[PDB]
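Only one chain is included here, represented as structure tokens and corresponding to the form deposited without the partner chain.
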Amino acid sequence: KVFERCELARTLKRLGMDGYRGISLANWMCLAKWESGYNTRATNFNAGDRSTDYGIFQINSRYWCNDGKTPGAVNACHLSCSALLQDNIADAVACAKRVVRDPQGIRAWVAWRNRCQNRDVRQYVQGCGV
């Protein structure tokens, strides 16, 4: 499913992402935008280390979910990576919450540092009623 901006913003708020571990809703929106373009079925194979990024938040199979083909991988979210390809993003949000519970926080995603960190991210939630 390809979410529309405000539709996603309202959904994330209801799932309790606003201010989770100090991360504002607009930062989560900026992250989803640059990671998948708000697309839940997005997958990206990384030929370099044989891991794959799954879903709206492009969560990596080496640490967070299990796809069985990634070498030396763990499954911290204790989910099948298939769970992160659903239209319903409940499981993806629960795993994202797990990711930021680690010391790096939102910085775990390099794309966040490149396209969101230290920028005016207000535009991602403007007019959405959140």
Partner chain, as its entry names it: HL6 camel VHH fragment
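Residue numbers count along the first chain shown, from 1.
When the mean C-alpha temperature factors of 68-76 and 35-43 are read from the deposited coordinates, 68-76 comes out higher. The mean C-alpha temperature factor is higher for 56-64 when 23-31 and 56-64 are set side by side.
In the deposited entry, the Cα temperature factor of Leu8 places it in the lowest third of its chain's modelled residues. Ranked within its chain, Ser82 lands in the lowest third, by CA B factor from the PDB record. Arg14: CA B factor in the middle third of modelled residues in this chain (values from the PDB entry). Sort the modelled residues of the chain by CA B factor and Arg113 lands in the lowest third.
Keep in mind the form solved in complex with the partner chain is missing from the figure; the text below concerns it.
If you take 1-29 and check each residue for a heavy atom within 4.5 Å of the partner chain in the deposited complex, you get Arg14, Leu15, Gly16, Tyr20, in sequence order.
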